[PDB]
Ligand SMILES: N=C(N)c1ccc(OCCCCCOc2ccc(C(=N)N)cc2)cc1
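Presented as structure tokens, the chain that follows is alone, the form solved without the ligand.
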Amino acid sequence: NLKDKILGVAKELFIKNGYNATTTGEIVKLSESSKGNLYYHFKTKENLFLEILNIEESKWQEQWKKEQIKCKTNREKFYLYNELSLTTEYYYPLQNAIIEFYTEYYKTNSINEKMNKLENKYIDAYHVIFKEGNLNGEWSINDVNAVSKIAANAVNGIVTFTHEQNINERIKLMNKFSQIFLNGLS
């Protein structure tokens, strides 16, 4: 493909290097396409990027759903999303470039929106897990969206700022977190 091979060469660079470090110039040399190509379907560079994120968030949200069946209760679902959060190959590997990208575009306006429309996807899983939990008496959440946002973000943190110490040390902590968090809800 073309408008899909670019979307893939970019992802690899955005991850390997960073948001800025990777240039549309580069993208082309390893994806063979006139500069203009990147223009029709991808307007700005924060377009091609804000794009990939969508794909990633979707792919991950999908992987989770074809994977949460292994969890009988929501308490189990919560626990599992956070673990899987550490192993996926989706979305999370791009948290870094996201951090950078937001620092180099917070001064514009179209940023706060997209960078908040996608936030609704990001926290969805937690909203479902938490609402359903109320619909199932596992706990009693009055401020679900508050709790869902706090959860999502907290977790992203553990996943993102412990990226190095042996992969199982992470899974350990992550579970202690899911533990403590839930015990604090009810």
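Numbering starts at 1 and runs along the sequence shown.
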Stretch exceeding the other in mean C-alpha B-factor - 176-184, 3-11: 3-11
task: Quick one: say whether 28-36 or 55-63 has the higher mean Cα B-factor in the deposited entry.
output: 28-36
- request: Specify which of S85, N116, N74, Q95 carries the largest Cα B factor in the deposited PDB entry.
  value: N116
query: Can you tell me which third, lowest, middle or highest, the CA B-factor of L80 falls into for its chain?
result: lowest
- prompt: What third of its chain, lowest, middle or highest, does the C-alpha temperature factor of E104 fall into?
  reply: highest
- line: Among the modelled residues of its chain, the C-alpha B-factor of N153 falls in the third labelled lowest
- prompt: With respect to C-alpha B-factor, does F161 fall in the lowest, middle or highest third of the chain as deposited?
  reply: lowest
query: By the record's CA B-factor, is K43 among the lowest, middle or highest third of residues in the chain?
result: highest
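Only in words, not in the display: the form deposited with the ligand bound, which the text now covers.
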Steric status of site, the ligand superimposed as seen in the bound PDB entry, threshold 2.4 angstroms to backbone or C-beta: blocked
- request: Answer with one of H41, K131, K45, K59: the residue that has a non-hydrogen atom within 4.5 Å of the ligand in the bound PDB entry.
  value: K59
field: Full three-residue contact with the ligand in the bound PDB entry, heavy atom 4.5 Å, for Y79, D143 and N183
entry: no
message: Residue-level question: is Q63 within 4.5 Å of the ligand in the bound PDB entry, judged on heavy atoms?
response: yes
field: Contact test in the bound PDB entry: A152 vs the ligand, heavy atoms, 4.5 Å
entry: yes
- request: Find out whether any non-hydrogen atom of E89 is located within 4.5 angstroms of the ligand in the bound PDB entry, and reply yes or no.
  value: yes
- prompt: So, in the bound PDB entry, is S85 in contact with the ligand at a 4.5 angstroms heavy atom limit?
  reply: yes
field: Residues in 110-147 with any heavy atom within 4.5 Å of the ligand in the bound PDB entry
entry: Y126
